[PDB]
Each structure stands twice: as C-alpha cells, then as structure tokens.
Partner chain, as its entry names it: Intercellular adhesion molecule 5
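Next comes just one chain, in structure tokens: the form deposited without the partner chain.
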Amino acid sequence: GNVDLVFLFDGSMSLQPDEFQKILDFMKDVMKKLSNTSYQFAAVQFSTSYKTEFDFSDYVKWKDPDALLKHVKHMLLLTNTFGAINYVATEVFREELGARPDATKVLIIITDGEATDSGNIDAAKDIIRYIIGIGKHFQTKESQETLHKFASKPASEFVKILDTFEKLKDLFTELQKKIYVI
C-alpha cells in the first residue's frame, strides 16, 4: 500500500562519528530494500533543534539514498524528542512537501539517549511510531521504559532496544527476513 515513512534520527553530542554513520547506513539500507515499492521517504535530524535533511518531494526526484544523505552535518547538541516528534507531525507530513493524503503514516525514531525536553505528542497520534534505542544509555530497564511513551502500542512490537550500534546490521537482517517484496 501507500506508506509515507519519516526517519527521525538523533544527532546528539553523545554520538561518535562512526556511530552516527551507522545510523545513516541503516537508513540507506532500508530505503534501498524498499526502492520500487510505493513507500516514500523523508529524514529529519534532531538534537536541540530540527532539520529536514530531505523531504518526500526530494526523494521522488532523486531516489538515491547516497545522494539524498550526502550533506548531513552532525548537530552535536541535546535530545529534544518531544519537540522533534511534533516537528515531524506538523512540518514534514504536509502535502506541500510531497506527503500523500491517502498514505499510511509511519515514523521511525532512532536515538541513543533519554529526551531532554518535556511535552506531549497528541499531534502525532495518527502516526505509527517505532523507536529504536541504542547503546549504553539504555542498559537499565527504567531508561528503556521512558521510550514507551513515544512509541505506538504495544511496546513489545514498537520499541526496539539494541545494546550496540553494530546490532543495527542485525536489525536490518530481520527486516530482510520479514518483509518480502515480489
């Protein structure tokens, strides 16, 4: 079916350059895998503030993950997840930017820390939300549970916790096994 998917990725100061690049490579792999489907993509970096790295219209003209993500600069600031989700819901899912009104709305959030802001995400309730929490800031189950509020229910489907950035390759292998394009 028609899916408008947005990647919302953390550019916080905690990320080393190879870790940040692993996030970027995961996004490129997913998009490569789903080229030729009727998925459309956008990507937003968040840290303290928010930047649309590419929107749906951009993806439809270029259709090239390497080109679309070539000029990403790592922000290196905080983790304002509440505001970032609201940015996606109000600034990214818009017909003017290539969003399709018939499409299922999916958001994938990739983060390595707890949120530094406060808010609510009512404006994003019609969006299916996955969150991928990576690394040492999610060793404890308290910290993992802070992510449940951002994800769709049940957290058992929509919250993924990865202990290292190397495990993003494993997560992609699971996607390759479960999604089947004919």
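Positions refer to the first chain, counted from 1.
Keep in mind that the form solved in complex with the partner chain is missing from the display, and what follows is about it.
Contact annotation: residue 162 falls outside 4.5 Å of the partner chain in the deposited complex, judged by heavy atom distances. Under a 4.5 angstroms non-hydrogen atom cutoff, the partner chain in the deposited complex has residue 137 among its neighbouring residues.
At a distance threshold of 4.5 angstroms between non-hydrogen atoms, residue 52 is out of contact with the partner chain in the deposited complex. Residue 57 falls outside the set of residues with a heavy atom inside 4.5 Å of the partner chain in the deposited complex. Taking the partner chain as positioned in the deposited complex, the residues of 6 to 39 that bring a heavy atom within 4.5 Å of it are, in sequence order, 12, 13, 14, 15, 16, 17.
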